[PDB]
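What follows is one structure encoded as structure tokens, with my remarks underneath.
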There are 4 protein chains.
Amino acid sequence: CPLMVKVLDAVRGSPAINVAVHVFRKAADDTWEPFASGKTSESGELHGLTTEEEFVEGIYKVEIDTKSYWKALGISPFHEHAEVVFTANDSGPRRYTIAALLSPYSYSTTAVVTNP
Amino acid sequence: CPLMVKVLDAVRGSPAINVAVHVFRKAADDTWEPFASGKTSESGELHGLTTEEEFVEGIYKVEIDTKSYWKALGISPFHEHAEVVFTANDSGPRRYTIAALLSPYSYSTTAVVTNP
Amino acid sequence: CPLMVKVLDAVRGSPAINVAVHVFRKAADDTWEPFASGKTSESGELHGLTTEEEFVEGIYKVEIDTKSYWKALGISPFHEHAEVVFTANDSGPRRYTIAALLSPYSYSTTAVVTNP
Amino acid sequence: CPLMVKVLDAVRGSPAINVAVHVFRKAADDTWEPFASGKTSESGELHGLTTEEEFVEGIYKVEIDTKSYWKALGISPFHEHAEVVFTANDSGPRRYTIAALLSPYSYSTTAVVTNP
Ligand SMILES: O=C(c1cc(O)cc(F)c1)c1cc(O)c(O)c([N+](=O)[O-])c1
Ligand SMILES: O=C(c1cc(O)cc(F)c1)c1cc(O)c(O)c([N+](=O)[O-])c1
């Protein structure tokens with residue numbers, strides 16, 4: 001699994017479940033073409049977005065719909081979304097976990113990049 | 001000063017100086033119009049981007065050029081940039097500090113919103 | 001597994017491997033009695049610290065030896081360690097993951113608390 | 001002002017006001033001696049804890065009473081407190097800002113260290 005997204009909730013101390021996640025790849029004309037999407041599981045994880053053949057070098061964007069998550073919990077959020085943009089596979093294919101820790105007025109994001 | 005951006009370096013425990021910051025506002029036709037730009041000072045802060053009169057209700061995007069900051073230190077970081085997108089002033093005028101704390105493979109961002 | 005500790009490295013974008021972790025429980029005379037210890041695995045995780053019978057209600061401390069980790073990488077750290085202190089099981093037993101995301105001059109820590 | 005502590009609330013996007021902070025210094029016999037204390041102001045900042053002359057080289061501990069902050073807002077948070085332990089001034093006098101960004105089940109902390 002070359003790309004996994006994990007989302008955590010810092011208010012409740014839990015996985016952030018049912019969070020919508022959309023992934024894009026930058027096109028040659030600098031626009032964002034859709035690539036994959038899903039919703040986080042009960043563990044806060046979204047697996048199966050891509051395959052190693054399809055996940056070529058490129059610039060990728062992961063947009064996490066944080067606003068809808070907080071609205072569903074009845075909590076006022078600051079951000080419209082949380083976006084993570086990164087160049088992938090520049091030194092060979094890697095396994096990427098993009099993690100985000102959400103609070104209503106703040107988020108943290110990190111990448112765990114491992115070599116299979 | 002209705003909008004201030006502050007950037008910190010979590011590796012050195014310092015302000016992140018000379019970081020380029022570009023601010024955009026969403027126009028009525030859903031495109032991103034350039035709104036203001038600048039670079040962080042020796043304190044890691046960027047003041048003077050806008051005025052109370054100009055900073056009307058809207059959806060704003062703050063793009064922080066984190067990649068160039070790390071590259072100038074010899075580091076190839078994970079993220080292309082850090083973007084913060086938020087609705088401003090929808091309950092009346094507020095003062096916003098948008099802060100980002102940078103590491104090569106992670107960042108955190110928070111908003112401090114006050115009512116003068 | 002009632003208690004797991006996970007440690008990530010925000011500089012390298014990786015699990016933080018071989019990090020020493022010590023766990024204590026607060027004694028009746030308000031001193032910290034040793035409870036368990038280990039080192040993080042190649043996945044940054046430390047499992048098997050306790051059992052559900054032994055992990056009774058109480059105040060627990062997890063001390064993560066961040067300074068030794070950064071020294072082993074040749075990077076100057078700020079903190080002596082990262083400590084997490086929390087009351088456990090106050091509403092019944094839970095499964096706790098204590099996670100820490102490390103940078104040389106900053107860390108983040110969160111708890112993911114789930115009900116089996 | 002050689003030591004300043006700043007506390008922010010990631011739920012409301014605000015300073016964390018009236019947070020108690022206690023500072024200790026490690027004595028030659030390895031015990032923690034009380035050094036200074038105070039509470040955060042309306043800006044979330046606590047100034048005036050020490051002076052350049054008194055703030056000698058040593059190992060310092062800053063304990064932030066995060067639990068009482070959340071409890072006064074009706075919340076039972078995960079952590080009992082947030083502690084930050086660090087060696088100060090070992091390369092000569094520096095100015096330290098110790099910041100903490102609080103959520104009910106998570107916190108981040110960073111140090112900004114400057115040379116006047
Ligand atoms: O990114 C993080 C993370 C972010 C922070 O701000 C603070 C922190 F302690 C961890 C993370 C990544 C993972 O892969 C993961 O499993 C977990 N977890 O389970 O708790 C967390
Ligand atoms: O956003 C933060 C911040 C982010 C984190 O991950 C952890 C933390 F403790 C603070 C911040 C904001 C500010 O306005 C500010 O002055 C400072 N500071 O000087 O240190 C920091």
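Residue numbering restarts at 1 in every chain; chains get A, B, ... in the order shown in the structure tokens, and ligands count up from 1 in that same order.
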Checklist line | Contacts of residue 51 (chain C) at 10 Å (only C-alpha atoms; same-chain gap of 4+ positions) as a PyMOL selection string | finding: chain C and resi 1-3+55-56
Checklist line | Env. residues ligand 2 / 8 Å / only C-alpha atoms and all ligand atoms / as a ChimeraX atom specification | finding: /A:108 /B:6,8,97-101,107-112 /C:106-108 /D:6-8,97-102,107-112
Item checked: DSSP-assigned alpha helix (DSSP H) members of region 20-81 of chain C, reported as number ranges by chain -> C: 66-72
Check: Which residues come within 8 Å of region 17-34 of chain C, counting only C-alpha atoms, excluding same-chain residues fewer than 4 positions away, as a VMD selection string?
Finding: chain C and resid 7 38 to 44 58 to 66 68 to 69
Check: Between C:95, C:90, C:73, C:85, which has the minimum distance to residue 52 (chain C) (counting only C-alpha atoms)?
Finding: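 Smallest separation from residue 52 (chain C) among the options: C:95.
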Margin query: Let me make sure I understand: among A:5, A:49, A:88, A:11, which one has the smallest atom-to-atom distance to chain D if we use only C-alpha atoms?
Written below: A:11
Notebook entry, point to check: At what distance in Å, to one decimal, does CA of residue 45 (chain A) lie from CA of residue 89 (chain A)?
Noted result: 21.3 Å
